[PDB]
Structure formats: C-alpha cells, structure tokens
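Below, in structure tokens: the form deposited in one PDB entry, a single chain.
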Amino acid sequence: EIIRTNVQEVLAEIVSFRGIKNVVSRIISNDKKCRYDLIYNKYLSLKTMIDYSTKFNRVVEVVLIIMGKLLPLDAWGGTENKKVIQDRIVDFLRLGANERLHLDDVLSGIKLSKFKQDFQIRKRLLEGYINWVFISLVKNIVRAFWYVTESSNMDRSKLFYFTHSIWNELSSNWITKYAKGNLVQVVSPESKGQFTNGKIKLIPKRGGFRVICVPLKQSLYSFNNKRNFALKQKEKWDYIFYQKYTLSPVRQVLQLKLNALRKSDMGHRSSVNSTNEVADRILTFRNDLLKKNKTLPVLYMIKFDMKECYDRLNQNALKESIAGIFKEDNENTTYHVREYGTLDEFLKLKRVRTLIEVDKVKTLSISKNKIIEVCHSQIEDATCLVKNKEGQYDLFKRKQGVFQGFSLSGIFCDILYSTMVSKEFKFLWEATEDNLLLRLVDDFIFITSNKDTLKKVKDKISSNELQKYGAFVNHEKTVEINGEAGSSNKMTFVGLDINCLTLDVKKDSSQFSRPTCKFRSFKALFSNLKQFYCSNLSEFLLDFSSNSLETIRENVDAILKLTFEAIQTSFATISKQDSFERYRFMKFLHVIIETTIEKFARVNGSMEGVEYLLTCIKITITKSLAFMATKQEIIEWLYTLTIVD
C-alpha cells in the first residue's frame, strides 16, 4: 500500500526495456506483501509538544528498512551504490522529503545498475527511475507514517515527524481547547462564504501550537462533496480570479497608503518594517548623538512585546484604522495598481522552469468601496473548519481577533499598530534628538537619554490604554537596562545584541548555523551548500501574509550571505586542489535562484513581488561576490535573468 500504480504506469514514468519491468515487478510485489503495520508496531508506537515527535534516527531507520525490503540489491545497482543512494535519502529526509529533487546532485553512481555510444543519453531512464524511487517510494513512506511540520523556533531548520496517531491526538486536543476560548460555532453563515473559509494548521509553538488558518480554495459544499472534481476545479479558478483581481489590489492599496504615512507622519516613522532597519535606525541614532553633543550620554532602554497580537487584535479598532488611512479620499476613489499572476498559472497552462535568460505595466483598478467591503468581509466573515472526531468538519468564527494565515492579516496588524503607535505616543516626535522608538511586528524597543520620558513610556505600557486596540503588553517579558554602572549593558532585541553603553548592534546569526565548508572539490561544496540553503529557507520567511517584502528580502539575503561566506572562506583551499569552473558555479546560482523564486510563489500563491525579489537577489549575489576577482561573465549572466513572460 505504498505503490498505488501498476507496472505499466511505473514503467511509463521512466520513459517519455525488460530488465526494468523485472525490477518494477519485484518492487511492487514486495510492496503488497510487506508487513507495514508490523514495522509500525515495532519502531513507531508528555509536557512539551515536540518531544512526541519521532527522533530523526528512528525516522531514517524505518525508511531504510522499508527501502531494503522494497528494493532488492540489484534494484540499488550495486552493493556500494546503495550506500550512496541511502545517504541521499537521508539528505532528502532532512528536507522533510518535501523539497525539489535535483538529479544532478543525487546521482553519483555509474554502471553497476545493469538495467535495474549512447548508453549515457539512454541512461536518462536512470533519472526517471531514481526520481520515481525518491518522489513515489520515499515520499509516500513518509506520508504513510508521519505528519511533517517545521517548528516555529529559533533554529527552524528543524523538521519534525509526528506519527499520524499521535499528531491527531495532539491536534484534536489543542484545537478543542483553543476553540472554546477564542471561537464560536456557526450553523448557516452568509451564502457569500466562498473565499472566507479556511482550514486550521498547527505549528509546534513550544508548550502548544500556533494556530494558522489556510484559506480553502473551495466552498463548503464543494469541500464536503469530494467527488465533484469539476466543481472543485471551477471554484479553484474563482479563488484564482478573486486573488488576482480583488485581494491583490486591496493589499496593494493598503500597502501604498501605509507607505505614504511613513513619509507623511512622524508617528509612523517609528514603525519599522525589518530587522536591519531596526539596526540602522539605532546606528543612525548613535551617530547623530555623537554629532549633537560630541559624546555618548547615559542612555536608557526598554523592550516590550505584545501577547497574542493576532488573537487579541480589536476588530473594531482595526476597522477604524482602515477608515483612517482613507479619510481623505471621499469614498468614491478608484486606485490603479498592478496585475500579477498566480503560481498555478504556468503550471496548468504551460511548463516548468519559469526563470529564463518591449516593456510592461499590466495595471488594474479598484475602488475604495470595494477595498472597505473586502477588508470588512475578511475581518468579519473569516471562518475556519475543525475536524470533529465524528467526521463532520464543523465551522467556527472568531469571537475577537484575526486569523493568522489570511491574505490581509499581516497588513491588518501593521495598519492598526502603526495607527496605534502614532496616536498613543505623541510625546516623542518633537524631541527626536533625545529618544527613539522602533516597532517590529509585535516587539518594541525604546532608547532615550531622558530618564523622565522613559517613565512616560514606562507608565503608558503599564496602563490599560493600549487594550483599546487589542494590544496587551507581555509584562513578564519586559526588559529594561540603563547602563548606569548599576544595571546590565547588553540587551537582546529581535535578532540583535544591543549594548546599552556604546549602542553597538551585532547580529546573532545563530538561527542558521555553520555551513560546514571543508571539501576537496567545488562540486562537493556546492551540493552541500545547496542542502544548507534549502534547509534554512523555510516557508514562513517567504510568507507575504505575515511579513513585509523588506523582511522577506532580508531573510533571503541572510541565507544568501551565509551561503556565500562559506564559498569565500574555503575558496583558496579548494582552488589549490580543484579548478574553479564558472559554468558549474552558474548552474549552482541558477538552482539557488530558481528554488527561492519557486518556493516564494508556492508559499504566497501569487507572483506579486518575484520581480522585486529577483533583483534584490542579483544585488546581494553581486555584493557577496566582491571577493571574487574574475566574475564579469558570471555577473553578466546573472543580470540577464528575468521571470518568464
């Protein structure tokens, strides 16, 4: 029950002879008589959520035990090619068996597969065989036994295998408890519920789970009727058209109104869009202080975060904030924004590898009435489906707050907190020379030389004046230092170590650890660094529903810089014993760039921002290769890459 295709179909997958059918038959035969649920009894059966996960070594052992039973020794093509393929299987399991397979990296066996001038171009079938072994056999085994989710952690290269039996038990328990305190049932909502339904996804947030709502591309009727494929396809394109022509414009106009307020109001400059911007605003604060009084004064600083900002978000305050940024447009205004494609466009109408080597605008138009209507609909009509354990899939709505995982949830929280910061902290932006406030999603930092204005901020985050917006200060996480030789002088803000005494800002970078660069060849270095890149390129850092583009870009830049730092560190050593070939390096760059763009489109479903990201990648790659004297042809090739038109 691992291979659900016949010998005729599998052999058809390996060509666009007779020994092949001999192997496929023996593999399929072993599949039918393999005692799967006895292996499960032998190998796979409290008080933090990740401890229930199967340890990775037991995960690997189960997979290889199945693979050994499924594939006879000749099916591996040698008693040593088996060692190589098994190592690539472990690498594939370290990516959760969910990332794209690269046949040029996995394949390092040579001849010993005796059908198990042109034998090489007719070895393209070996690519089709190994591909079927990895994507059909290995992946289905993982899907058969485990649910795989990446943790929300500090080090999020960690993928976790929960057996379906224990994952369902953990998930049903947390969801039942979370539904009582945050949700309320629904028996017949509006007929217009086609694009406001979502399914609950859980992420192992330490003591519990993060609750994410993934938008359903169907109506409830189509979801309950799993057999009406045509209707599901019809409504799938309804969402695609709704996302392209309605949701994307609404998000674009909200982002522009929010950007224009960063320049207009002084109260919105305190709202910062990324971590590097937090560092730069502090470094500029430090530098401007060194110019204003020529020394560095004793500085006081306070950091504080919000408790469950999405769950506790005030829907009414959010709706007022949205009306606020549109107060000047007289409720008949049409805005002109760009059109973008969907991921599922090229796929289902064209072919793969959408990054290739006359102009375009492709504008759309949307009115303020629609924007207000769609925003209200997303806030007030968002519903989620919960597994019932009587197999019923009831529908629930939020008592208060906004579901994380919908298109506008991230920008909703940005609009409200920018509005909140601007109206509530008025006594900060006529004396900017002495104090600095910065906002990053839900984390706040405030640095000042005025110990009196420190108490103003310290007394406002202790009152209830921010609860009007749904902001509740996480008091036990509040940290304050002053560096009067009586307190500590190091504080950790988001990703940053900040010295209170000298305003030194240094990045932790421990989230993505050592790229392990010590090899005797560039090919071995690029394969390892390709593994490292995909292992750290998690979906949440490409999620446009929860992060800004500057945050998405800087995260890609952070992974890139670590990857190229490995190249720079070991280039001289490897170049001593292996000649650097620029064309092999460009294929590595092309694979690295393609994977990032593909996963970004996969996560967000919309092509909005791939252009901005592709050119930020070119600039980052250019900068990161400054150490390389001879790169003109490499960089010239890099600059000719575009998104498929």
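Think of the rigid core as the biggest set of C-alphas that the two forms share within 1.5 Å after superposition. Numbering starts at 1 and runs along the sequence shown.
- According to the entry, the deposited sequence places 10 or more unmodelled residues between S16 and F17.
- In this entry, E357 and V358 are separated by 10 or more residues of the deposited sequence that lack coordinates.
- Relative to its counterpart among 74-82 and 525-533, 74-82 has the higher mean temperature factor, C-alpha atoms as listed in the PDB entry.
- Here 271-279 and 508-516 are compared by their mean Cα B-factor, and 508-516 comes out higher.
- If you compare the C-alpha temperature factors of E565, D91, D118, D305 in the entry, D118 comes out highest.
- Of the candidates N499, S546, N316, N555, it is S546 whose Cα B-factor is highest according to the PDB record.
- Among the modelled residues of its chain, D31 has a C-alpha B-factor that falls in the middle third, as given in the PDB entry.
- Ranked within its chain, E594 lands in the lowest third, by CA B factor from the PDB record.
- In the deposited entry, the Cα temperature factor of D37 sits in the top third of values across the chain's modelled residues.
- Among all modelled residues in its chain, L614 ranks in the lowest third by Cα B-factor.
- Annotation for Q194: CA B-factor lies in the highest third of the chain's modelled residues.
The discussion below concerns the form deposited in another entry, not included here.
- Of the residues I212, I481, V386, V106, exactly one exceeds or equals a 2 Å C-alpha shift between this form and the one not shown once the rigid core is aligned, and that residue is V106.
- Once you line up the core between this form and the one not shown, the Cα of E424 stays within less than 2 Å of where it was.
- Core-superposed comparison between this form and the one not shown: the C-alpha position of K83 differs by no less than 2 Å.
- After superposing the rigid core, the Cα of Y161 is displaced by 2 Å or more between this form and the one not shown.
- Relative to this form, in the other entry the C-alpha atoms of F304 and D155 separate from one another by 3 angstroms or more.
- Relative to what is shown, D155 and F446 are farther apart in the other entry; their C-alpha atoms differ in spacing by at least 3 Å.
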